[PDB]
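**Q** Below is the sequence, then the experimental coordinates.
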Amino acid sequence: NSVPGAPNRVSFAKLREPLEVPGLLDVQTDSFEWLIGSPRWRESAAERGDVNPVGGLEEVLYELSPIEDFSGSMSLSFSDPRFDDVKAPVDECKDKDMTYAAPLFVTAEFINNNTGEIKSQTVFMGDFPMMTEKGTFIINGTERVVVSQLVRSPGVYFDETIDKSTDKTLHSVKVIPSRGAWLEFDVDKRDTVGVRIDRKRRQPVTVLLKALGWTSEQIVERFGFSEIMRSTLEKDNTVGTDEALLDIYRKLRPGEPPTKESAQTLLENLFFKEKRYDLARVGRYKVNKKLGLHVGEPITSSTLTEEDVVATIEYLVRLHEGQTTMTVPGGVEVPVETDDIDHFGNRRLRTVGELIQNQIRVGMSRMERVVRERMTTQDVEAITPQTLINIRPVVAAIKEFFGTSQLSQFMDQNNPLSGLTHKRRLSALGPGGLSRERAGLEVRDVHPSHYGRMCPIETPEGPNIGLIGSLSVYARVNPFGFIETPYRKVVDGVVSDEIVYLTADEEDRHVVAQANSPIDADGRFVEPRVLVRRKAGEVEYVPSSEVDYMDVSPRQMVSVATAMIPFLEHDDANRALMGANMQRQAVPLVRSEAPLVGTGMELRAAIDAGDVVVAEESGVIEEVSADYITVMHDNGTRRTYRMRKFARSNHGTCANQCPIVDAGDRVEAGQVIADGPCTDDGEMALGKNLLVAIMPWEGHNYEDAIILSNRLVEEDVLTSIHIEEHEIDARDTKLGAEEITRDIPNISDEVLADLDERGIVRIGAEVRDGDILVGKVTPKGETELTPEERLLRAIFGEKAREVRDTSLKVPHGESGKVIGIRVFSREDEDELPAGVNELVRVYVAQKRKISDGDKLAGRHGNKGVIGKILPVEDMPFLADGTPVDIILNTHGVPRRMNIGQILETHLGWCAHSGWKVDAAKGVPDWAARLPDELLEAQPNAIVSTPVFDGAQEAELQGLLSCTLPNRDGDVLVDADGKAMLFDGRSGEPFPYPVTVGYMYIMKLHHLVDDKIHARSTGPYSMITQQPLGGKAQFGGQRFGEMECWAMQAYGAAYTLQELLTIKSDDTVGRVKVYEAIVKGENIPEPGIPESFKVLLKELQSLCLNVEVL
Amino acid sequence: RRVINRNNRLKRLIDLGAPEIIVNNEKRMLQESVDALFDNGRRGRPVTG
Amino acid sequence: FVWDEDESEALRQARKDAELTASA
């Protein structure tokens, strides 16, 4: 529905969602946006209530600004928070290699304090990181990608703690103010007070409490019952806040004349210093959140308060003791209890500006924390709002930040969603964040909540799962890093047709209704009783009659990627998420196809590619051609909207962007306009709805073995091309520099008879390996040779030159046609790194025509190598001739799970083949229901279904029974799954019926050349001359130690030894036997651990002398 | 080096002669520095580039 | 008595040894 270019992949909606697809993607941006704070977002936020939100900026400004000296006589302030505007299709930078950005102006204002005066100055600030419609930032035509680090909400937090000693429940809580130090109270073993602050032994609190002014009375009074503390007033022995205080204070420093400071100053400072003591408003906010506190209090500050301090303290006491709720004076009550890290309300998440903002923050700070410095020194008088500016270091970082911004991580432009996934991708680790070398599984741990939060399934994978992820599906997330699941907030067998974005918490209080659930068409789930998670998410049954809220659909904590394959309910999650991640590693070959089957996700998902040239106006078409297309913006109005092609990925792939229609036709904004990449008929082309079947065969689909057609070739089905950029600079240095001529020493002809006038050939030109390349050259040196030579040269007049004959030449597995020409000169002004005056970068096609053996696959994780190629003929094949797509061993699924593969595929041939319900007279019962409408399948046509919703077996099965028998109204197929092809070879019948079908799959960014290597020899650590592994190099595989042990298990000695010597780095035998070799002869028998020799020396060295004899 | 600077040095002192202390000072100082040779802050403040 | 406990021990060495550092 709601789809301009809509077809219909007819699905199986047994259900309904009034709700509809959010926009995801939005995300950050918005932030950014908000961070910015556009009168957009401004409007945005602005709407949906929202008092006085603020572009993540200001703030900045005001969180410091305005300004002033320490002399209290020069007053600066700010203003004009804002920017200018970019200067490119970005696309420009893209090509133009720089990054995309737009200038910043802002208008602070200094003011004397003496006279007090005026120094505004709408100062420029910075051209700036300018996002993308992809909501992104492709530094210098080059973007990484940032995800947010999950972050359990900071704050003073609570628990019981037992002591096997006595087992007593020394509960407690910390304090953790942003940037504010620490200080914590803790159910003492023996009486009483988990006093000490951010690591200071312990005290009698009140010494601090009283220390601020507290008659031991006042407490006991308000705090005698409240007896354990009474002990505190006991052992507290010492008195006089001050007496303490100062004494404390020593407890602080320690050792120092307790000046009144000791009596207060820093103390307050310490944590009454929003000057520096600076928790988090949201926390701040929290806080109240903690405890129905001031609450009625649109507040904001680091305003520490002994007030609440003690408050929650006696909270402690009251609890350790067991006590439900209770209301502090005024402060409405709170049911007592510890806390949790685990749950997610415990647990916010970060976001750009936020970051940024932090970054930046110090940035100014920094750069800021200077004018101060200078402010002063910067004599009064003529010292303009300018005079003292220099954000430079800011962007320096900032800018920089990206450099280092390890979390910005180059968008794997391998497929769309893949890139997506990358988007929504989410963890909580790294810079300042965790260091997996320190985190208990729990980190990875499951837990209830979780639903409607992030794909249960997917995750990292190596030592990595339970560490990272994304969102679930819908539920937006807090203006403060917390999900926003709306719900079927039910009402009296009549759910309240109503979103309710929810932070798990709260909520937690509430009643877990069930999607997939039969209402009396009214909310009135027709049963009296139901189930539902409870306090512990206690997925508990119950009488329908009682919940507050149901849900928002089925399937939600899901991921998109998650959201992708049915039969789940039959299939290994392991295997699953496996396929999940898998999913991505398709490889947009060429053909473009969609599984005739597949849910709705799909392009409606894919649309969220938001990539395809896609309508902008109900305009009629206009001129068209594969670069763009003029667009009759029917307001007269037009715009030859463009279209890209032949431009590499992060992974070597075109810019292709295939059209749709006709320069004359007529259509309307937002509707499609032209695919391109992973973009089958407006849709991730992703595989091949492909026959094949069931046998494990002649041992070739065995142990992962895999048996594969061939026609394929021919068919071509399997290829695209791939892209290196091809670079090689012209440099500058000692003996001269790095020329790029075309002349060359005793170079072959043609070898040159090929390049351009002065080096490399010309675009779209074919090659191979070795193939020389550049037109480079460099001075050689100056250190004589043997007369012998020269002489020799005199002998052959080959009057040698003297220049470091230098250039480039094609390595291995390499060919195609000329492309790149990023020949960019320093000298030609083309800014570039030192000692260089230019550089080109180039590209070449190569259509990868799919080797067998390799690996592909599709849904049901159901990965699959690519064993053998196999000619057509020679092939089991329709009794109607037509043979397989390939075949399939058995076995795994059993010990695996994923049989939908089976079903789905049944299905496959089905759809692929269509049918019609011959319900006629009446009803296929199992029919008697369901998307009726179908009734049939026009042999082969569009077919989707819901996730946790779709027809059934029997049905499905019975669907089997159903049919669109072929030409000869035939169905070699059995209402059964197993027919009986014969042999494209020997040919005869088979033993028994033949299970078979079809399956779209996908193809792999992982094969030989990805990893096709060894190494005969090459470079060698100018230090530990080991195989200098490298590009030019094959690396030359390293070796293991066990291994060695293996030897041992034999003792080939030598062998190993040898190694150690040889290929290890036997300078000699390397040379030496290398010779031998060269001379092929009873090899220079293994010598001596040489070096080892060193040792000795090495020893001696320390008076160490000794010896064997 | 260092050493060299030293034996060369407080050595080269010798020769001259004076309230030794001086020499002691180095001397040990040397020793030390040596030791350093042996290992660094192994004793006391390890030297650090 | 609102003292946690092992200020000594630790503080007593790091004091002690600390001195020891004063040997350098």
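**A** Looks like it came in fine. Numbers count the residues shown, from 1 in each chain, chains lettered A, B, ... in the order given.

**Q** What distance do you get for residue B:29 to residue A:1055?
**A** Using CB to CB, to the nearest Å, one obtains 53 Å as the distance from residue B:29 to residue A:1055. C-beta coordinates here come from the backbone N, C-alpha and C atoms, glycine included.

**Q** can you check residue A:952 too?
**A** In terms of CB to CB, residue A:952 sits 63 Å off from residue A:1055.

**Q** Could you do residue A:1068 as well?
**A** According to CB to CB, residue A:1068 and residue A:1055 sit 18 Å apart.

**Q** Check residue A:377 too.
**A** Going from residue A:377 to residue A:1055 by CB to CB gives 73 Å.

**Q** Those two: which is more packed in?
**A** Set residue A:377 next to residue A:1055 and count neighbours by other CB atoms under 10 Å in any protein chain shown: residue A:1055 wins out with 14 against 10.

**Q** got the phi/psi numbers for the more buried one?
**A** Dihedral angles of residue A:1055 (phi, psi; degrees, to the nearest 10) stand at phi 40, psi -120.

**Q** For it, which residues are in contact?
**A** Listed by CB atoms under 8 Å, 6 or more residues apart in numbering or on different chains, the contact partners of residue A:1055 are residue A:1047.

**Q** Residue of chain C nearest chain B, please.
**A** Per CB to the nearest CB, residue C:24 is where chain C lies closest to chain B, at 3.5 Å.

**Q** meant to ask about the stretch 901-1050 of chain A
**A** Chain B sits closest to residue A:1023 of the stretch 901-1050 of chain A, with a gap of 19.6 Å, by CB to the nearest CB.

**Q** for chain A, same thing?
**A** residue A:1102 (8.1 Å).

**Q** Give me the neighbour count for the residue of the stretch 901-1050 of chain A closest to chain B.
**A** If you count neighbours by other CB under 10 Å, residue A:1023 ends up with 7.

**Q** quick one, what contacts it?
**A** Contact criterion CB under 8 Å, 6+ apart gives no residues in contact with residue A:1023.

**Q** which residue is nearest the centroid of chain C?
**A** For chain C, residue C:11 is the residue whose C-alpha lies nearest the centre (CA atoms, centre = their mean; 2.0 Å).

**Q** For it, what is the enclosing helix or strand?
**A** Per DSSP states H and E, residue C:11 falls inside helix C:7-22.

**Q** Give me the residues contacting that helix.
**A** Helix C:7-22 has contacts (CB under 8 Å, 6+ apart) with A:201, B:44.

**Q** CA atoms only: put it into CSV for me.
**A** Output of helix C:7-22 as CSV, limited to C-alpha atoms (Å, rounded to 0.1, in the frame of the first residue of the first chain):
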residue,chain,number,x,y,z
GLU,C,7,44.2,2.8,56.0
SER,C,8,47.3,1.5,57.8
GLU,C,9,48.9,-1.6,56.3
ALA,C,10,48.8,-0.1,52.8
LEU,C,11,49.3,3.5,54.0
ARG,C,12,51.8,2.0,56.5
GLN,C,13,54.0,0.6,53.8
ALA,C,14,53.5,3.1,51.0
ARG,C,15,54.6,5.4,53.8
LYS,C,16,57.4,3.0,54.8
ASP,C,17,58.5,2.0,51.3
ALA,C,18,57.7,5.5,50.2
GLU,C,19,60.6,6.4,52.4
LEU,C,20,62.4,3.5,50.6
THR,C,21,61.9,5.6,47.5
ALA,C,22,63.4,8.4,49.5
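
**Q** For that helix, what is the distance to the chain centroid?
**A** Distance of helix C:7-22 from the chain centroid (CA atoms, centre = their mean, to the nearest Å) equals 4 Å.

**Q** And stretch A:498-513, by the same measure?
**A** On CA atoms, centre = their mean, the centre of stretch A:498-513 falls 28 Å from that of its chain.

**Q** got it, and stretch A:14-30?
**A** 20 Å.

**Q** Tell me which residues of it come out buried.
**A** Within stretch A:14-30, the residues that count as buried by 16 or more other CB atoms under 10 Å in any protein chain shown are A:14, A:24, A:25, A:27, A:28, A:29, A:30.

**Q** Check stretch A:640-657 too.
**A** Result for stretch A:640-657 [16+ other CB under 10 Å]: buried residues A:641, A:643, A:644, A:648, A:649, A:652, A:653, A:654, A:656, A:657.

**Q** Show me which of those is closest to residue A:417.
**A** Using CB to CB, residue A:649 comes nearest to residue A:417 of the buried residues of stretch A:640-657, at 14.1 Å.

**Q** show me what contacts the closest residue to the closest one other than its chain neighbours?
**A** Closest residue in space to residue A:649, ignoring its immediate chain neighbours: residue A:413 at 4.4 Å, by CB to CB, 6 or more residues apart in numbering or on different chains. Contacts for residue A:413 (CB under 8 Å, 6+ apart) come out as A:419, A:649, A:650, A:651, A:653.

**Q** Make JSON lines from those and add secondary structure to it.
**A** Shown next, in JSON lines, are those (DSSP: H, G, I helix; E, B strand; the rest coil):
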{"residue": "A:419", "secondary structure": "helix"}
{"residue": "A:649", "secondary structure": "coil"}
{"residue": "A:650", "secondary structure": "coil"}
{"residue": "A:651", "secondary structure": "coil"}
{"residue": "A:653", "secondary structure": "coil"}
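
**Q** How much space separates residue A:9 from residue A:550?
**A** Applying CB to CB to residue A:9 and residue A:550 gives a distance of 27 Å.
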